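Q: Once you've seen the sequence and the experimental structure below, I've got questions.
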Number of protein chains: 4
Amino acid sequence: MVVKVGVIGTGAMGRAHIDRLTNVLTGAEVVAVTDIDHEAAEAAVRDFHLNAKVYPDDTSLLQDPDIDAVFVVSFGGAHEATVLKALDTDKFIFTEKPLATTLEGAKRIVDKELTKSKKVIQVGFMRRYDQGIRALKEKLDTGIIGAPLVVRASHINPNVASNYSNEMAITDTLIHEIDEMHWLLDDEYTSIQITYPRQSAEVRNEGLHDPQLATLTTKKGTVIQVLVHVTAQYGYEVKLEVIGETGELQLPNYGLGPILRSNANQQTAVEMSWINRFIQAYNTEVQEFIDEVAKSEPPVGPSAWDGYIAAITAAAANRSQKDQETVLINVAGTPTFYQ
Amino acid sequence: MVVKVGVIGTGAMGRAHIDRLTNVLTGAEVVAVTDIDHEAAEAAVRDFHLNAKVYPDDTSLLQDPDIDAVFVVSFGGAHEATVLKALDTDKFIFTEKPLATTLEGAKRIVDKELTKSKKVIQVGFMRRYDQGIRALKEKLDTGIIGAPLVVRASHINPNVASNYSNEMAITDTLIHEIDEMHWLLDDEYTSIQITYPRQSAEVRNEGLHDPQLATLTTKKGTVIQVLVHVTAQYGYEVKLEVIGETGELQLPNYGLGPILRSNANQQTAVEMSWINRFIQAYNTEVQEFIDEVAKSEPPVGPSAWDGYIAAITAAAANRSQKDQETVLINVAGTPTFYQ
Amino acid sequence: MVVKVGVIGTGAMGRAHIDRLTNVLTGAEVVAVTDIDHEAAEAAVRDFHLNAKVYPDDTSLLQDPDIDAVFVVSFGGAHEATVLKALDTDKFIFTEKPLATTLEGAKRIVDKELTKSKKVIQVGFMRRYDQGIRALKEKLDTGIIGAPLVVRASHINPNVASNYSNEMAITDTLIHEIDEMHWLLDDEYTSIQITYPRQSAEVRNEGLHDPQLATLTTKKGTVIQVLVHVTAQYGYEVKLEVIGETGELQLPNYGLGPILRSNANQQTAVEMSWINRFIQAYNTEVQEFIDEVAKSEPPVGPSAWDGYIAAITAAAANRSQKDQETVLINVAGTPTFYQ
Amino acid sequence: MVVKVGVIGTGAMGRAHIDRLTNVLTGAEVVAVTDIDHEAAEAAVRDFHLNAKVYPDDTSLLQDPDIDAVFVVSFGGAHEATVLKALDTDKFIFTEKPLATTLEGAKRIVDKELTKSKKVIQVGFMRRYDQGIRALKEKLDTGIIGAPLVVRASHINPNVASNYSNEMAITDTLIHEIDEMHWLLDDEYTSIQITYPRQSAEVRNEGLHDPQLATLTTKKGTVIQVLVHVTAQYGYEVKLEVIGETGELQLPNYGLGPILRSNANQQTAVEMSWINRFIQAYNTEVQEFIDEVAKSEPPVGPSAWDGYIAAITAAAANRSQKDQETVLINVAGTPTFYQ
Ligand SMILES: NC(=O)c1ccc[n+]([C@@H]2O[C@H](COP(=O)([O-])OP(=O)(O)OC[C@H]3O[C@@H](n4cnc5c(N)ncnc54)[C@H](O)[C@@H]3O)[C@@H](O)[C@H]2O)c1
Ligand SMILES: NC(=O)c1ccc[n+]([C@@H]2O[C@H](COP(=O)([O-])OP(=O)(O)OC[C@H]3O[C@@H](n4cnc5c(N)ncnc54)[C@H](O)[C@@H]3O)[C@@H](O)[C@H]2O)c1
Ligand SMILES: NC(=O)c1ccc[n+]([C@@H]2O[C@H](COP(=O)([O-])OP(=O)(O)OC[C@H]3O[C@@H](n4cnc5c(N)ncnc54)[C@H](O)[C@@H]3O)[C@@H](O)[C@H]2O)c1
Ligand SMILES: NC(=O)c1ccc[n+]([C@@H]2O[C@H](COP(=O)([O-])OP(=O)(O)OC[C@H]3O[C@@H](n4cnc5c(N)ncnc54)[C@H](O)[C@@H]3O)[C@@H](O)[C@H]2O)c1
Ligand SMILES: O[C@H]1[C@H](O)[C@@H](O)[C@H](O)[C@@H](O)[C@H]1O
């Protein structure tokens, strides 16, 4: 039997999740939608040929007793309240990142979900589902390179829109690494420091520093060095290297396109779209959520606790962006509810 | 509508197709299976959690009116009779390659299908659906390397089962390249020659020559040199290089796993089976079949005609296997039914 | 103590050898030169600031008692006579390839050398000294991939000059693979066959077929497939893959230049010059010869007998070029003098 | 003419330089040696078949008027006094790194050299002669990736001797990157900071932190992140990546050895010896020195001023090692003498 889904927020990513649920993946149907732009909601039903109700708001959607799960894909600042409303129902909840735009909001969601008899929230950190990143983590966990001492990573994007701010370097971009590293390493963060190399001439946006260097430390002492470079021009690329006691692991060459020998060069195309880079991870992530719902079991993907960790770390990083000083992080031990 | 599927042959690939139809793809349910090994059939039903009938043979399964489409996934030599029996029904038919193991068998199938009012057979030539191979073809077709003069290909398997015969080097293995190159180049064959290099000590099957070299020539004069090496030990690999007038195109190494630096080496894993190497291609081809069946429309993928055309060249190769002499090929034009 | 060298032929490669001997390598001095173009010879003296005598011909140069070794770097057709004269002296002899332009010439040399008390000839087949090619042979010889069954190789050149003939595809280009493969495999050839794929539109030379496919068979059964492509446009490239019973070996990409990420591509440069490609090999080869002469020991590089094997094989290939048919090769057993 | 050389310090590197000068490179002869271990010097003479005088100390050796140049290859701490003595002579001076073990000693040398009628000192920072590193610099200097924003580098070593100390992570290992980067970027340093990640279990030496992270900043604002890992086990490796405004450049994998397909992996060998890694650079660096001396021209390699920059920066690094705090660097303008 089919997992009946409501979607709250039918913009870009909302529509892409609808497409996933409707066209790409198995076992679900979108039967309700809402958007504060009623017209956007109506277009979704129309464009994807859904047999679905358009609700005027989130509150009314959430009272529909036939909806098994909700996807929250509205503006980030709007997640917190909506998630708290859905927690007054029994529905499963897939929220895109962030769990909340403040760490205070995140803690509320955590505290409330912790009052429930079982976990219902999955947060949209898709990196964990990417085949390559997953395969590296698995290899690391065999012990073949010993303990992880240093991690070096890059988050490379070709160009940004007019609306991209200095803070979004953290909240939209580094956030992926923020969720990824503690999971990768099975460790907790103790600090974050953002430093600014010389400013790129390619930056067109007021207040945006690019590139940015993020250094994180963990409780076991692993140091993580992330390069964030969002006006890099050449392509979209995610790089990851783990330095171990006895060896190293890194992500392979990405891409399926051919190797061209021509005009005194050998070359391969580089991905230009993060959308395309992570198509697989999005599919895998959402299919897993649906599969869990379908058997009336809690999600096994990133949780509200993960969302809270990310929120705390992002806020520490936003603080660090002001003065380039190291900010400490102390995250509480995970409630057993979240293991 | 959800397509109700029967699967005939529930070995390695039968199982993989059941898995994908059940857990990954959309719009299908496996409702019946059969295998000459009843235990294998029962194992498939249980391992994939099916509510499926287990029929004692193909003929009984084919006479179940509730089945919309059948998958023929038995030993290659068994496809011919099963496909012919299925053509006595109104079911859609997906057969794995080869269409048959002889030219005469393939021709029987085409002759019978031509008596029907619409086309119902798709053949599992999945290479055409592989994203990398498609990307190479599309780049070739831009003209960037000029005309294709030579193609070099490898079809590498680590080992074979005890039932793998010399003839199967062509009908089970080379058949992929036989179909592929004529699609890739939009050209047809004028000859094939099989030669036998130094026999590997790794061969364990009586009568099997390994490796084998296949030289195919096309009408436009492109020469294709295929290496078939099915006891290679190291891994499963498909390699493709197109030599043009002004450049070259090559398929990249396939791999998701990490690069490991350890013990005086830098290494990456190689796939050990088709099952994972071509998972995308199998998913795509099968989804397309199911989507067509759902509309009660003929398949748009490779046809029994493509199967026959390949069988002509395969039969030529099997003839060449006897004396290592070149065998001429001149295939008939595509009948209107198959255009 | 310094090996005194005379150079016979002071053209492009003659000058390059002079340069090596004078400015790059250790233990030698060019004290005499000759060229049928006297002006070229004088120029070589001035240009390399030599303390050397210019002789009118090879005969007179060869009478200088102070010369320990001669370099034969004239037109290929001139090698035979000069090498035969030099064998009337006790001097060591480095001849560039070919040993002789006919097989009968090569045999005359071998027969004459066999009367001497020690071996004095090294032939300039430099591939054997290329570090990459050597490293591959070495790894092969460890047994790690088992016995070599098939060799796939490419000799890629961007364009040719107007003097380049069909037969030069063998005598100037394939000759390197002809010397290389029997050495690589510790084997003897039994046949060669040249075939012509579709003719490239890039060919501008009368009578030239390009590309050419060369297939060689060996006594142990290994099949060698070489692609010769001399109007390839994109670069100069030497490729080598050995298919073994239990694994494969291939040369890596040549070049030390950086990997560039730019403009939606990842790229490395491709060499356009065979000269640049084989700088190291030429240096290593000549240094070895000099080092042997310095000890008054026989050269240990490719011998007149290797020159003979090359000549017989090349002749067979030029024969095959007429009709694309296989031509047998039965090389006599190696004389103990050459073992 | 032949450059007559004296060598001070005939240990591992001094013997390696003697070997270069005698058996590999052109244009030099070792005619004098000294070592505080007299038996080591005598042994160098025997082992390399030198026609050389053994002197009991540096002072005595420096009085041989037949010596055109001296090589200083003693303990680092002995370089300063010896170089200063040598500057009272007219001989040219090749000193292995470091110029001096204190910045004050380096200044003394600089100050003294500045009084002379020509520059005579070259310092053994061989990285600048490495073909791959040079090719990367050259490409960077074309402007193709825009301005350099960040540099990421690794200095990876398998294991260290029992006498390797924490400070040697800087003075023996990071010193190479210290000289390299300011040259690479044509910039000057403004700061250095050494941080200590998780301590490796592979460390056997009391007080040694491994790995170590070094962050250098430059006047133009480029940030350099170096990973120093000297108990890495797997191999010896130098990595370099330059992140530009519009692209990236990175050094390719080192090695000419083959790609092996075997045992479910594709692999290439990793160098285990620093010696073999930089053999080319050592040869080139020394040949260039000898070629300059042959002409009575000043060296064009790394100078005493480069030695001073390195000593200042190393000193700052050793200071940073105490508390992991950033240390400023402000080197004086380069004297015209050293331009
Ligand atoms: N990689 C990822 O995981 C990833 C990628 C893209 C976007 N996202 C996240 O998805 C969310 C949406 O991003 P987007 O790119 O689609 O933005 P968007 O602006 O296109 O779409 C958001 C939609 O939400 C609607 N909306 C806003 N507030 C609402 C409310 N309270 N209730 C209902 N609807 C509301 C808007 O009208 C709009 O239609 C954001 O949280 C974004 O961070 C995540
Ligand atoms: N397209 C591809 O890449 C790909 C990959 C693997 C296999 N195949 C094809 O799939 C088919 C099956 O191969 P496999 O690897 O699964 O082999 P397998 O040996 O694992 O399984 C074959 C199954 O067929 C059963 N069988 C044999 N004859 C039968 C008959 N008359 N009726 C019913 N069942 C019968 C056997 O008992 C066995 O269970 C072959 O045609 C093979 O060429 C294609
Ligand atoms: N091993 C290699 O890779 C390689 C590379 C280049 C050339 N070669 C060989 O080197 C030889 C010379 O080639 P090149 O490119 O220098 O050609 P070139 O034409 O530049 O020079 C040849 C020189 O030989 C002189 N010469 C001709 N006949 C002579 C004779 N009887 N005595 C003395 N001098 C004579 C010519 O006047 C000319 O100066 C050829 O055999 C060529 O095949 C080998
Ligand atoms: N550039 C490079 O990459 C590189 C590599 C290795 C060594 N080096 C440098 O080479 C120098 C030597 O290192 P090594 O590995 O050969 O060490 P080593 O200990 O093997 O040899 C040093 C030699 O110097 C002798 N010696 C010590 N003090 C002396 C003095 N006052 N006068 C004369 N001789 C003296 C010692 O007896 C010994 O024989 C060091 O400065 C080292 O840092 C540079
Ligand atoms: O049946 C399989 C299948 O066709 C594979 O794709 C091929 O690689 C194997 O050689 C063959 O035995």
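A: Right, received. Where do you want to start? Residues are numbered from 1 along each chain as shown, chains lettered A, B, ... in the order given. Ligands and ions are numbered 1, 2, ... in the order given.

Q: okay, CA-based contacts and neighbour counts for the rest of this
A: Fine.

Q: and residue A:320, what element?
A: Following DSSP states H and E, one finds residue A:320 within helix A:304-323.

Q: Pull out the CA atoms of that helix and give them to me as CSV.
A: Below are the C-alpha coordinates for helix A:304-323, written out as CSV (Å, rounded to 0.1, in the frame of the first residue of the first chain):
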residue,chain,number,x,y,z
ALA,A,304,16.4,16.0,14.3
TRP,A,305,19.4,15.5,16.5
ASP,A,306,21.5,15.7,13.4
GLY,A,307,19.7,18.8,12.5
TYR,A,308,20.4,20.3,15.9
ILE,A,309,24.1,19.5,15.6
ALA,A,310,24.2,21.2,12.3
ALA,A,311,22.3,24.2,13.6
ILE,A,312,24.7,24.6,16.5
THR,A,313,27.7,24.3,14.3
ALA,A,314,26.4,26.6,11.7
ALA,A,315,25.7,29.2,14.3
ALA,A,316,29.3,28.8,15.7
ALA,A,317,30.5,29.3,12.2
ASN,A,318,28.4,32.4,11.6
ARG,A,319,29.9,33.8,14.8
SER,A,320,33.4,32.9,13.6
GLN,A,321,32.8,34.7,10.3
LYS,A,322,32.7,38.0,12.1
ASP,A,323,36.2,38.0,13.4
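
Q: Tell me how far that helix lies from the chain's centre.
A: Offset of helix A:304-323 from its chain centre (C-alpha atoms, centre = their mean, to the nearest Å): 14 Å.

Q: Quick check: buried residues in it?
A: Across helix A:304-323, burial judged by 16 or more other C-alpha atoms under 10 Å in any protein chain shown covers A:304-321.

Q: Who does the residue in the stretch 1-150 of chain A that ligand 4 sits nearest to form a beta bridge with?
A: Nearest residue of the stretch 1-150 of chain A to ligand 4, counting by C-alpha to the nearest ligand atom: residue A:150, 25.6 Å away. On the basis of DSSP bridges, residue A:150 is bridged to residue A:223, residue A:243.

Q: quick one: contacts for it?
A: Shown here is residue A:150, whose contacts under the criterion C-alpha atoms under 8 Å, 6 or more residues apart in numbering or on different chains are A:222, A:223, A:224, A:225, A:242, A:243, A:244, D:197, D:198.

Q: Tell me the spacing between the last one and chain A.
A: For residue D:198, the distance to chain A under the criterion C-alpha to the nearest C-alpha, to the nearest Å works out to 4 Å.

Q: Can you tell me the SS state at that residue?
A: Here residue D:198 takes the coil state, with states given by DSSP: H, G, I helix; E, B strand; the rest coil.

Q: nearest residue to it other than its sequence neighbours?
A: Among residues not flanking residue D:198 along the chain, residue A:221 sits closest, at 4.3 Å (C-alpha to C-alpha, 6 or more residues apart in numbering or on different chains).

Q: Can you give me every residue that contacts the one you found?
A: Applying C-alpha under 8 Å, 6+ apart, the residues near residue A:221 are A:149, D:197, D:198, D:199.

Q: Can you show me the strands along the stretch 201-339 of chain A?
A: Along the stretch 201-339 of chain A, counting by DSSP state E, counting those that start in this stretch, strands occupy A:212-218, A:223-229, A:237-244, A:248-250, A:259-262, A:265-269, A:327-328.

Q: actually the stretch 51-200 of chain A, not the one I typed
A: Using DSSP E, counting those that start in this stretch, strands in the stretch 51-200 of chain A cover A:53-54, A:69-72, A:92-95, A:121-123, A:148-156, A:189-195.

Q: need the contact list for the residue of the stretch 101-250 of chain A found nearest ligand 5.
A: Nearest residue of the stretch 101-250 of chain A to ligand 5: residue A:131, at 22.2 Å (C-alpha to the nearest ligand atom). The contact partners of residue A:131, by C-alpha under 8 Å, 6+ apart, come to A:280, A:281, B:256.

Q: Next one: the last one relative to chain D, how far apart?
A: Translated: residue B:256. Distance of residue B:256 to chain D, computed by C-alpha to the nearest C-alpha: 13 Å.

Q: Residue A:250 is in contact with that residue, correct?
A: No: the criterion here is C-alpha atoms under 8 Å, and residue B:256 misses it with residue A:250 at 10.9 Å.

Q: Show me how the record splits chain A into domains.
A: Listed by curated CATH domains, the domain ranges of chain A are A:1-143+A:269-339, A:144-268.

Q: And the ones you listed: which comes nearest residue D:33?
A: domain A:144-268 (41.1 Å; C-alpha to C-alpha).

Q: Just the C-alpha atoms of stretch A:161-180, please, in CSV.
A: Output in CSV follows, covering the C-alpha atoms of stretch A:161-180 (Å, rounded to 0.1, in the frame of the first residue of the first chain):
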residue,chain,number,x,y,z
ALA,A,161,23.2,34.1,-7.6
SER,A,162,22.8,37.8,-6.7
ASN,A,163,21.1,36.8,-3.5
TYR,A,164,23.9,34.7,-2.1
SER,A,165,25.3,36.1,1.1
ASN,A,166,28.3,35.6,3.3
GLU,A,167,26.2,33.7,5.8
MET,A,168,24.9,31.4,3.1
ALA,A,169,28.5,30.1,2.6
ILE,A,170,27.7,28.4,5.9
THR,A,171,24.0,27.8,5.8
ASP,A,172,23.6,26.7,2.2
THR,A,173,27.0,25.4,1.3
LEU,A,174,29.3,24.3,4.2
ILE,A,175,26.2,22.9,6.0
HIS,A,176,26.7,19.8,4.0
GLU,A,177,30.1,19.2,5.3
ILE,A,178,28.9,20.2,8.7
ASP,A,179,26.5,17.3,8.7
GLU,A,180,28.8,14.9,6.9
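
Q: if we can go back for a sec, highest neighbour count among the contacts of residue A:221?
A: Highest neighbour count within the contacts of residue A:221: residue A:149, with 24 neighbours (other C-alpha atoms under 10 Å in any protein chain shown).

Q: Please report phi then psi for the closest residue to residue A:233 other than its chain neighbours.
A: Nearest residue to residue A:233 in three dimensions, chain neighbours excluded: residue A:158, at 4.0 Å (C-alpha to C-alpha, 6+ apart). Dihedral pair for residue A:158: phi -70, psi -40, per degrees, to the nearest 10.

Q: what about residue A:158, distance to ligand 1?
A: Per C-alpha to the nearest ligand atom, to the nearest Å, residue A:158 is found 16 Å from ligand 1.

Q: residues contacting that residue?
A: Residue A:158 neighbours (C-alpha under 8 Å, 6+ apart): A:230, A:231, A:232, A:233, A:234, A:235, A:236, A:272.

Q: Likewise for residue A:263?
A: The contact partners of residue A:263, by C-alpha under 8 Å, 6+ apart, come to B:247, C:233, C:234, C:235.

Q: can we see that at 6 Å?
A: By C-alpha atoms under 6 Å, 6 or more residues apart in numbering or on different chains, the contact list for residue A:263 reads residue C:234.

Q: And for residue A:270?
A: For residue A:270, the contacting residues are A:235, C:264, C:265, by C-alpha under 6 Å, 6+ apart.

Q: since we're on the first one, how many residues are nearby?
A: This means residue A:235. Around residue A:235 there are 25 other residues, counting by other C-alpha under 10 Å.

Q: That one is in contact with residue C:262, isn't it?
A: No: judged on C-alpha atoms under 6 Å, residue A:235 makes no contact with residue C:262 at a distance of 7.7 Å.
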